[PDB]
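J.: Before I ask anything, here's the sequence and the deposited coordinates:
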Amino acid sequence: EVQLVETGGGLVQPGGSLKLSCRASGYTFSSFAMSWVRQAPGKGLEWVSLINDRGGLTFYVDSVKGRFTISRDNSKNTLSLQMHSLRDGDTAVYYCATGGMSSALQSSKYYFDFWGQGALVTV
Amino acid sequence: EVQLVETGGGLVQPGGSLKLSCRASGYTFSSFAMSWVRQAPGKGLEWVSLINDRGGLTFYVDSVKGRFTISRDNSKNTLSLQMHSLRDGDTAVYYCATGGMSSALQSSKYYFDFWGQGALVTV
Amino acid sequence: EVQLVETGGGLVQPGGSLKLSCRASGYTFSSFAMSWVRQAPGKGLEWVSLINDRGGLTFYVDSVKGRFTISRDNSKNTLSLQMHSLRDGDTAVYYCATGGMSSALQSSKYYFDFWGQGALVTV
Amino acid sequence: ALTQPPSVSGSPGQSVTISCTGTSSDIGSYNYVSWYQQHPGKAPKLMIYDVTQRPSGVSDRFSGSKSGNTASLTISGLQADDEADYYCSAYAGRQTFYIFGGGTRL
Amino acid sequence: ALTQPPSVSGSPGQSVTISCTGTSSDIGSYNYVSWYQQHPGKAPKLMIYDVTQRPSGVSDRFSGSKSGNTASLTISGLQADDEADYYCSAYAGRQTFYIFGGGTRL
Amino acid sequence: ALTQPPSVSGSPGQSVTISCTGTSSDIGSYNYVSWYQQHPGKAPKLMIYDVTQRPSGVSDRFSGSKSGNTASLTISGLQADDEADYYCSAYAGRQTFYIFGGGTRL
Amino acid sequence: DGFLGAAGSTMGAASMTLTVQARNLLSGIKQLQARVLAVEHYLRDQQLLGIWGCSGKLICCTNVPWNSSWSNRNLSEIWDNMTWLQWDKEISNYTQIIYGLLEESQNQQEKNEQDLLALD
Amino acid sequence: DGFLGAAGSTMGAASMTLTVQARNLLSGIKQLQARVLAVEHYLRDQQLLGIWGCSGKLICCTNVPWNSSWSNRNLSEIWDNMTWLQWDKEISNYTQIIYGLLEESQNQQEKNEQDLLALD
Amino acid sequence: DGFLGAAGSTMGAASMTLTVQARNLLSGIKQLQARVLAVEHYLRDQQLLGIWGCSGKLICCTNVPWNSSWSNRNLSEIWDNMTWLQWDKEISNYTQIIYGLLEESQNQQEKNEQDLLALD
Ligand SMILES: *[C@@H]1O[C@H](CO)[C@@H](O)[C@H](O)[C@H]1NC(C)=O
Ligand SMILES: *[C@@H]1O[C@H](CO)[C@@H](O)[C@H](O)[C@H]1NC(C)=O
Ligand SMILES: *[C@@H]1O[C@H](CO)[C@@H](O)[C@H](O)[C@H]1NC(C)=O
Ligand SMILES: *[C@@H]1O[C@H](CO)[C@@H](O)[C@H](O)[C@H]1NC(C)=O
Ligand SMILES: *[C@@H]1O[C@H](CO)[C@@H](O)[C@H](O)[C@H]1NC(C)=O
Ligand SMILES: *[C@@H]1O[C@H](CO)[C@@H](O)[C@H](O)[C@H]1NC(C)=O
Ligand SMILES: *[C@@H]1O[C@H](CO)[C@@H](O)[C@H](O)[C@H]1NC(C)=O
Ligand SMILES: *[C@@H]1O[C@H](CO)[C@@H](O)[C@H](O)[C@H]1NC(C)=O
Ligand SMILES: *[C@@H]1O[C@H](CO)[C@@H](O)[C@H](O)[C@H]1NC(C)=O
Ligand SMILES: *[C@@H]1O[C@H](CO)[C@@H](O)[C@H](O)[C@H]1NC(C)=O
Ligand SMILES: *[C@@H]1O[C@H](CO)[C@@H](O)[C@H](O)[C@H]1NC(C)=O
Ligand SMILES: *[C@@H]1O[C@H](CO)[C@@H](O)[C@H](O)[C@H]1NC(C)=O
């Protein structure tokens, strides 16, 4: 039904910069808020960032507020995440997902409705 | 002149719920802000909560912000305090009192004008 | 071009009060924001306080928010700093300086343009 | 993070419960405690959302509830293909949007 | 909390002072430092409010003052019936409404 | 505070660089990293403001730049009269207006 | 689109053209009377928004809960399948009830704000 | 109560009916002139509230201290024992003084707000 | 000074007299028509400020950047060496462009505010 496919880089050294992107199809892209969630190779899941459906509002976990930028382009059906500094604790598989927020005139979400395959970020 | 009489429960276990109430007479109930103050059996006094004369505004100490609810009913001349969780450090005699706040068009209080007898809360 | 001359006291004991002032000439006094910067006898520089050109807005470092008051009088070309409590860590040469802020319709400063000679405050 | 048991197990056909315990500011205050099923090497699939709601495509063997500050997922009729790492996720307000628990190995 | 001496005493008929020392953000900044007299086993009675004000019904032997960040209650003419735990209470702003000191045993 | 090397030196006529390293919230985010020259016993004189700007009256031997979270002052053509304690100062937002580094003894 | 172009669009889409209709509200005796009435009507609507605490907004959120009896449709039907003309018809009978509650809410808020400002 | 029902009530009680009187301010040549004047008066009062920074409030607090000379009564006498008609009579001579100070206060506040917004 | 006294002063100095000109905007058929037009003009300007989110301010900052093409002068020349009449003449051709951008900015802000309020 819904295909979310992440693209990204490989090995980056601490203090560098890495950009991820997520392509999506099978639903109206502009109708859903989207987020990034990461899983360290041996640990569980944690939320990283959230962007609204319009793209004007962004939210981050404190640990990435000064390092990560989340953006989207609704004409290209593309979600992007630009990361700077990338310390050793940032090694993880980064998944893009649909859901997590709703724009007042839509019913509540507060869940991650669709998940991608995940890009592997190694520091 | 002014009679403030607290009513309440006895022994409650940690993780439970306990409600106190305070009846008052001898003054216009709706004209005064009211508060709850507690005294541990072997210690001094500390302020717990404050409610306005209209009941729309409530204030709490940080240690009870997620546990205690203060409310009043000006037709029944009744002040109520609903407590949840009730950890061992919450054992105390709980007094209801008149004063502590004033609604802009009245002169300043910032003192506790009248005191009740006190309910004993044992965890 | 611009002469900034600090005046002040000598030895004060902890818990006391000391006032400094700075006279200025050679420029339009009311056109510039001013600040106080202190240097401990054996250390480097740190910013202490900032006042706008109009005098309505004041800013302080957290360590002096409850102790120092900054004010100015644009008819007397005088900048004043009233200090209370004055703990041992407050011993320093206190310089008055021109710059550090700009009132929206002026170009940015964010630097200290002119410096005085410095008053020595000993606790 | 939310606290979950390191592992839950049982025989095929039996019902088991995976709990998730949080605090008053997250599971307690908000009725938004979703559950995900992550097979090893795969992305998580959504199993439960809100408190008791189930996405279309998920069978009736997966259910859940909330009491106090504790939420739980009940998996009845255990099947051989249900082995996965299960996670809970709670909405925790405007400053901390989501809190995930540790994974539970079924 | 505010700091008070553990105990104050004197002979009948003498004047004694019970001090209360706070900080700049409470006694210093606000002129709202009340005093209460709590007989053992009984609820506290109000003795002083604002800084120097006295409620009706309280005799002229109870007075007080404020200087810097230190407030005090003066009890002149000590009587046998004045034995009580005395407390000070200061208004400390919008986030911390009231701060009480430790009790002083007369 | 900002980190600077304890001392920088070189022969007359040579170029040296005095670095200043901060964090993302100050040198990184804002293009306001000024430099001052303080001769011992005297008040500091302004040498650099913004990132690359130089006040009138300061010769062309004093320049500077910013990359990432690191700013630097370059002093070319070292003279005998250039011995001073050099300081960097960064604008760090509304809560923390200015951050100074440790002094560098030329 | 232009003036009233969104009239047949869904409630969600038409909420994005509020400035178009708003501008067109202001844009011998009989004509002076018509113009004076147009001004008085406009001012009554602005006064009503002011009373509710919405004096400067085209979209204004409040503290009055939806009572369900007024309309038991979910948000998806109202914002995606209905036009504003249909909504206006559907809840016409409850308009004054809603307006009364909105006024009461703001009066309480003003008093509460004043009381919070009185705290030293 | 209805329109002006609180006129004889105390200043405190009458402060709870501000929306009743506010609604009733808006509610051939001679009549057009009367209506135009009513509109101009209303707009002058709204402009004056805007100048003071009270454009959207019925109860608005400011930064101008009471000067005592205007009235040396305590709050208990003013709010519990006086009506608004008596208060209006008592301080009529000082109305323009108060208005002037209110305008000055807002001008300083606007400049200060702009200067705070200019900080990066 | 009085009404329009600052007309020949610099843009900075004249910004301190905004309340003087603002008060003087409100201060048989032909006269009624003139008064009705004066009211309609005033209300259109107030509506326009409301659309931009500046309904209660005389000095209002926004989120629209200066495009440089409109005017490439620095702040020192504009605020210290020019009058408002010269500035008004200099950018007359771009007035509607600026107004359009201001409206767009507020519409986005209103939607964003609503979405932030929707977060539990
Ligand atoms: C009219 O209805 C059609 C079909 O639903 C829709 O595509 C079209 O956008 C509508 N017109 C407007 C102006 O929204
Ligand atoms: C809804 O309105 C009816 C009156 O039509 C009222 O009786 C009912 O209590 C309202 N619902 C709530 C939840 O107040
Ligand atoms: C809205 O109500 C209709 C009618 O009961 C229902 O078919 C539809 O699924 C509902 N939508 C939501 C989002 O609840
Ligand atoms: C409103 O009242 C009329 C009767 O005057 C009735 O026919 C109509 O159905 C009512 N509408 C609602 C939504 O109650
Ligand atoms: C008129 O005066 C009496 C006596 O003070 C009072 O009880 C009554 O409420 C007053 N009327 C109003 C409308 O307040
Ligand atoms: C009160 O007003 C008078 C003028 O009538 C003035 O002289 C006096 O200074 C004012 N009081 C204060 C505290 O400014
Ligand atoms: C107000 O002033 C009157 C007249 O002096 C006095 O009788 C009354 O007690 C005062 N009230 C207060 C609360 O100060
Ligand atoms: C106001 O002025 C008049 C004289 O015109 C005087 O009789 C009256 O007492 C004055 N009122 C006040 C409150 O000063
Ligand atoms: C007119 O120009 C002169 C010279 O620049 C200036 O001093 C004066 O203030 C100006 N007039 C006004 C009203 O600003
Ligand atoms: C300035 O305006 C022109 C149109 O006149 C436009 O092409 C240009 O992109 C604008 N500048 C910026 C930075 O957007
Ligand atoms: C403003 O521009 C003029 C003309 O280029 C220039 O002479 C002047 O120095 C500039 N001022 C500033 C502060 O940049
Ligand atoms: C505005 O347009 C006119 C032509 O109608 C032109 O002469 C004038 O220079 C233009 N002004 C600007 C600032 O572009």
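T.: All right, it came through fine. Residues are numbered from 1 along each chain as shown, chains lettered A, B, ... in the order given. Ligands and ions are numbered 1, 2, ... in the order given.

J.: so where does the closest residue to chain C within chain G fall, helix or strand?
T.: Closest to chain C within chain G is residue G:120: 16.1 Å, counting by CB to the nearest CB. (C-beta placed from N, C-alpha, C; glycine too.) Here residue G:120, judged by DSSP states H and E, is contained in no helix and no strand.

J.: Quick check: closest non-adjacent residue to it.
T.: Residue nearest to residue G:120 in three dimensions, not counting chain neighbours: residue E:30, with 6.2 Å by CB to CB, 6 or more residues apart in numbering or on different chains.

J.: Next: residue A:15.
T.: Among residues not flanking residue A:15 along the chain, residue A:85 sits closest, at 6.2 Å (CB to CB, 6+ apart).

J.: what's in contact with stretch G:56-73?
T.: G:15, G:18-19, G:22, G:49, G:52-54, G:78, G:82, G:90-91, G:94, G:97-98, G:101-102, G:105, G:109, H:55-56, I:50-51, I:53, I:55-56, I:110-111, I:114, I:117 (CB atoms under 8 Å, 6 or more residues apart in numbering or on different chains).

J.: Tell me the residue of chain D that sits nearest chain C?
T.: Using CB to the nearest CB, the single residue of chain D nearest to chain C is residue D:95, 22.2 Å away.

J.: From ligand 7, how far out is that residue?
T.: 44 Å (CB to the nearest ligand atom, to the nearest Å).

J.: swap in residue A:36?
T.: Residue A:36 is 61 Å from ligand 7, by CB to the nearest ligand atom.

J.: and that residue, helix, strand or coil?
T.: Classification of residue A:36 using DSSP: H, G, I helix; E, B strand; the rest coil returns strand.

J.: Could you point out the longest strand of chain D?
T.: strand D:85-92 (DSSP state E).

J.: What lies in contact with that strand?
T.: A:44-45, A:47, A:110-112, D:2, D:4, D:18, D:20, D:22, D:25-27, D:30, D:32-40, D:44, D:47, D:71, D:73, D:97-101, D:103-106, I:120.

J.: Could I get the contacting residues of the residue in chain D positioned nearest to chain B?
T.: Residue of chain D nearest chain B, by CB to the nearest CB: residue D:24 (4.7 Å). Applying CB under 8 Å, 6+ apart, one finds that residue D:24 lies in contact with B:66-67, B:85, D:69.

J.: List only buried entries from the residues you listed.
T.: Buried members of the contacts of residue D:24, counted by 16 or more other CB atoms under 10 Å in any protein chain shown: B:67, B:85, D:69.

J.: how deep is the residue of chain G found nearest ligand 7 tucked in, by neighbour count?
T.: Proximity of chain G to ligand 7 (CB to the nearest ligand atom) peaks at residue G:118, 15.7 Å away. Neighbours of residue G:118 under the rule other CB atoms under 10 Å in any protein chain shown: 15.

J.: From residue C:37, how far off is the nearest residue to it once chain neighbours are set aside?
T.: Once flanking residues are discounted, residue G:118 sits nearest to residue B:104: 3.9 Å by CB to CB, 6+ apart. Distance of residue B:104 to residue C:37, given as CB to CB, to the nearest Å: 42 Å.

J.: what do you get for residue D:19?
T.: According to CB to CB, residue D:19 and residue C:37 sit 58 Å apart.

J.: So for those two, which residue has more residues nearby?
T.: Using other CB under 10 Å, the more surrounded residue of residue D:19 and residue C:37 is residue C:37, with 27 against 17.

J.: count of residues packed around the spatially closest residue to the more buried one that is not a sequence neighbour?
T.: Closest residue to residue C:37 apart from its sequence neighbours, by CB to CB, 6+ apart: residue C:95 at 5.0 Å. Here the number of neighbours of residue C:95 (other CB under 10 Å) works out to 23.

J.: helices or strands up against the helix or strand hosting residue C:95?
T.: Assigned by DSSP H and E, residue C:95 falls within strand C:92-99. If you count contacts as 3 or more CB pairs under 8 Å, 6 or more residues apart in numbering or on different chains; DSSP states H and E, strand C:92-99 packs onto strand C:3-7, strand C:16-25, strand C:34-39, strand C:112-115, strand C:119-121.

J.: so residue A:41 sits right up against residue A:89, yeah?
T.: No: assessed by CB atoms under 8 Å, residue A:41 is found out of contact with residue A:89, at 11.9 Å.

J.: Next to chain E in this structure, residues from chain G, please.
T.: With CB under 8 Å from any CB of the partner chain as the criterion, chain G meets chain E at residues G:119-120.

J.: How about the contacts made by the residue sitting nearest the centre point of chain G?
T.: In chain G, the C-alpha nearest the mean C-alpha coordinate belongs to residue G:49, at 7.1 Å (CA atoms, centre = their mean). Shown in contact with residue G:49 (CB under 8 Å, 6+ apart): G:55, G:57, G:60.

J.: mind listing what the first one touches?
T.: Right, residue G:55. G:46, G:49, H:55-56, I:55-56.

J.: same question, residue D:69
T.: D:21-24, D:26-28.
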